[PDB]
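S.K.: Could you have a look at this structure, given as structure tokens, before my questions?
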10 protein chains.
Amino acid sequence: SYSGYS
Amino acid sequence: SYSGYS
Amino acid sequence: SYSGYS
Amino acid sequence: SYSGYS
Amino acid sequence: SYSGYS
Amino acid sequence: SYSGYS
Amino acid sequence: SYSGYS
Amino acid sequence: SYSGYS
Amino acid sequence: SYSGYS
Amino acid sequence: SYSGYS
């Protein structure tokens with residue numbers, strides 16, 4: 001998964 | 001999954 | 001799933 | 001699912 | 001604002 | 001703001 | 001702001 | 001801000 | 001996974 | 001700011 005800001 | 005801002 | 005802002 | 005703003 | 005799952 | 005999963 | 005998973 | 005997993 | 005800012 | 005995993 002990805003968590004945060006892209 | 002993705003959580004946050006893209 | 002996706003949660004947040006895209 | 002998607003939850004939020006797109 | 002809030003966007004996503006709580 | 002908050003974006004994502006809490 | 002917060003982005004991601006908490 | 002915070003970005004990621006907590 | 002990725003957590004943070006990209 | 002904080003970016004990553006805590």
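Within each chain, counting starts at residue 1; across the structure tokens, chains are named A, B, ... in the order shown, with ligands numbered 1 upward in that order.
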Please return, as a list in words, all residues of chain I lying within 10 Å of chain G when only C-alpha atoms are considered.

M.R.: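 Going by the stated atoms only, the list reads residues 3, 4 and 5 of chain I.
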
S.K.: Select from chain D everything DSSP, run on the backbone, classes as strand (DSSP E), then give the selection as a CSV table (one decimal) with N, CA and C atoms, in the first residue's frame.

M.R.:
```csv
chain,number,residue,atom,x,y,z
D,2,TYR,N,-13.9,3.3,-3.2
D,2,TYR,CA,-13.3,4.6,-3.1
D,2,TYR,C,-14.1,5.3,-2.0
D,3,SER,N,-13.4,6.1,-1.2
D,3,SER,CA,-14.0,7.0,-0.3
D,3,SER,C,-13.2,8.3,-0.4
D,4,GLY,N,-13.9,9.4,-0.5
D,4,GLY,CA,-13.3,10.7,-0.5
D,4,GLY,C,-13.7,11.6,-1.7
D,5,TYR,N,-12.7,12.3,-2.2
D,5,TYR,CA,-12.8,13.3,-3.3
D,5,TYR,C,-12.0,12.9,-4.5
```
